[PDB]
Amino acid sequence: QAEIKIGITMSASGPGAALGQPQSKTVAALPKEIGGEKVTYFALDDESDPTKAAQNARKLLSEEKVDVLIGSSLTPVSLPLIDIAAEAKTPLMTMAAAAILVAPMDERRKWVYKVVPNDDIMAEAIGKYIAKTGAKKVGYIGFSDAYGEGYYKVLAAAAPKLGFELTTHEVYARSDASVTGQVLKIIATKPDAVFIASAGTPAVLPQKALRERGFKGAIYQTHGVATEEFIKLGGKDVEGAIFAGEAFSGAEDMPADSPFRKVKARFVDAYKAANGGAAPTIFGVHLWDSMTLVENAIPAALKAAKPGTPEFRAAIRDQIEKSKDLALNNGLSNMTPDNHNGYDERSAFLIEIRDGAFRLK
């Protein structure tokens, strides 16, 4: 009989690498037995490319007949996987951020779960903070994709009532070498602050370009930057950046017995043991937390059916939907039939880069 099989596609190369590489390194830390059954992981790089991710998913689903699919790392790469997983009646744990991946619910997103808090929650929280600082004019640059646009649309809708105006809607593609034209346009609007909607190492470019061209005001980013690689590459230019993000990023500033510190230690300890003592970045935890949900669902699913059958996959899908009051590294998660993300505003923590580390603001 087939053991439990988990397929993973992640953006281990391409402009998503700072997200997918940590995920690739987390695979070796994942549990090799659950509910008394062996678990085998099949991990594939999708190169930050939606076409390759779809190919990976179809191979994992049709050839390996995986019980659960996990991925991808990025929103554009993950979007096509929704239909593929639903058609295959296989749960998909996406590791990307945009709300559209699971919300609003529909007959396909019934098959999809999402541990990273929906970007609209984060956008609302950062918008409120920006308003509180007294900023009245806020520049904007973000990725020309559904991740970036999810930030722009929520900020733009909230701006009027918050009491500031978005002075631009500049965009760039993740691999672009330059954003000089966009940054010059932003600077010409003489804003009080600038918002950047980006992720991974590409997020450094617009912030450095703004600083190099004389912008001295506040710069806000997103939880796409919550990797120490961003701090290292960005240096003094990213000092002081603020974003709305996850408990994981603020955990060192929470009480010692906080559940968030406990769930972080479990991940960090396992990751270090599998990776020669190297500390993980947050993006690996999106794989880890996804597997927490899957692991929690498997024992009940095993009472219903054997691994490798549609009935087992359906039981996993049914069970994750019932998960309640669960502290993940990503926040306090409560799944429902209509909410396959599981978070509210209590999941949004304001993070600041201070002295080269992520801190609670």
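In case it trips you up, residue 1 is the first one in the sequence shown, and so on.
Next item on the list: Output the stretch having the higher mean C-alpha B factor in the entry; the candidates are 99-107 and 132-140.
Entry: Higher mean C-alpha B-factor: 132-140.
Margin query: I need to verify one thing: averaged over C-alpha atoms only, is the B-factor higher for 147-155 or for 164-172?
Written below: Result of the comparison: 164-172.
Notebook entry, point to check: Taking the values straight from the PDB record, which of 321, 67, 64, 47 has the highest C-alpha temperature factor?
Noted result: Top of the list by C-alpha B-factor: 64.
Next item on the list: Identify, among 289, 212, 119, 83, the residue whose C-alpha carries the highest B-factor in the deposited PDB entry.
Entry: In the PDB entry, the greatest C-alpha B-factor among 289, 212, 119, 83 is found at 212.
Margin query: What third of the chain does residue 225 rank in for C-alpha temperature factor, lowest, middle or highest?
Written below: Lowest third - that is where residue 225 ends up once the chain's C-alpha B-factors are sorted.
Check: Comparing residue 177 with the other modelled residues of its chain, is its CA B-factor in the lowest, middle or highest third?
Finding: It falls in the top third of the chain.
Check: With respect to C-alpha B-factor, does residue 293 fall in the lowest, middle or highest third of the chain as deposited?
Finding: As the PDB entry reports it, the C-alpha B-factor of residue 293 lands in the lowest third of its chain.
Check: Among the chain's modelled residues, which third holds the C-alpha B-factor of residue 249?
Finding: Middle third - that is where residue 249 ends up once the chain's C-alpha B-factors are sorted.
Notebook entry, point to check: Should residue 198 be placed in the lowest, middle or highest third of its chain by the C-alpha B factor in the entry?
Noted result: Tercile = lowest for this residue's CA B-factor.
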